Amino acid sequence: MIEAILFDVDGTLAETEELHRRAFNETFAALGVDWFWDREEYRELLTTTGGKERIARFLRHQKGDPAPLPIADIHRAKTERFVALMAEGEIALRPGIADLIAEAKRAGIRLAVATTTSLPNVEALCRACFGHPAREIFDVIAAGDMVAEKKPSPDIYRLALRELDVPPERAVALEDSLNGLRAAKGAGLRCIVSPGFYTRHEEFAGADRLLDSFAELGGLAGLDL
């Protein structure tokens, strides 16, 4: 009875944020700056979605070295590093995600990504974790700077839904974070949340289901109601 499923990427398809943190810190070292993001600081910075936006936020207050390149160039270098780290093959899909996507495809349900991450990151994740280019898994990919305002703005979900051509009442989102939940709900979507390391402390008021694992969905019927 669902016609589309819209997936968040980071923390939803896979636990990626520690790898992102590594890519940031390695990039900073390679750039010769003293910046270093520990887990405590990264958990705070994660409330700003988008890598460029997160760098900009850090730069507004930090007292270490000035940026030696434009943010966009720092971000490009960090993206390249993340893509390379992803290809090492150590990241797995979260439990339940592969089974849901296979069931959805058997049922003819269309699939989207709706993410704040840059597009090359989606592609790298799909190559490593699904063994296909992203466009063979997802019918619609809404990512990165495709919209002006990132999650918690619903705009990326509104884009995905327009491209899917499915009304929100007939779709559902899977998310891991409060910013993501808010974005989905603003787009009129029911939203299933399963948190992870960096989001477990958050409160998820209005999530339609709150699960310890996507393996607890119980199939496509678990998306209904």
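Numbers follow the displayed sequence, beginning with 1.
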property	result
Stretch with the greater mean C-alpha B-factor as recorded in the entry, comparing 180 to 188 against 25 to 33	25 to 33
Stretch exceeding the other in mean C-alpha B-factor - 71 to 79, 140 to 148	71 to 79
From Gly108, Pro95, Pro154, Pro120, residue of greatest CA B-factor	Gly108
Largest Cα B-factor, entry values, listed residues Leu19, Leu210, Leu217, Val9	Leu217
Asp38 by Cα B-factor - lowest, middle or highest third of the modelled chain	lowest
Relative C-alpha B-factor of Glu175, binned into the chain's lowest, middle or highest third	lowest
Lowest, middle or highest third - CA B-factor, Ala102	highest
Chain third (lowest, middle, highest) by recorded CA B-factor, residue given as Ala4	middle
CA B-factor ranking of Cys129, expressed as a third of its chain	highest
